[PDB]
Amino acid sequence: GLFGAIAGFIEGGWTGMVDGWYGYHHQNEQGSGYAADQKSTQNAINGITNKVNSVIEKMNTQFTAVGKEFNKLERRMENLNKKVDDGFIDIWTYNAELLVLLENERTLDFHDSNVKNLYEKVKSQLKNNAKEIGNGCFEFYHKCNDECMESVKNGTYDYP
């Protein structure tokens, strides 16, 4: 992406999440899979829905009809009316297609970075306590039990 993690650092696309796509987590060894923080995924109810809502309900219009009707001695005004219409069609079509082209790159990237930090979170503690594997995989030498994936997700870990 714009910062290159989704198909840039992590070249995958796993079956996790389902809603809430950003919330931290680390992995440790409890088993497999990832989870949200329930806040960074309210940033999904903000980030996304109010990106949408802003692009949706911010648009308000007035009461009108482009319909006019003109006789035979009015081909000057008809040209003018239907010129105004053509204008605004063009203007909106371009601007809409643009936003749908622009913001979607941005939001296909928006996922790229906030899910990336999950990696930078563990590196900030685990560093070399876990050997590197290119899949987005760490491999820590020491042995923890099924109660470690609810530990550094919080932020606290023992021996960095």
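We number the residues from 1 along the sequence you see.
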query	finding
Of 104-112 and 66-74, the one with larger mean CA B-factor	104-112
Residue range whose averaged C-alpha B-factor is higher in the record, 23-31 or 122-130	23-31
Third of chain Cα B-factors occupied by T41	highest
Ranked against its chain, the third holding the CA B-factor of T93	lowest
Where the record places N60 (Cα B-factor, split into thirds across the chain)	lowest
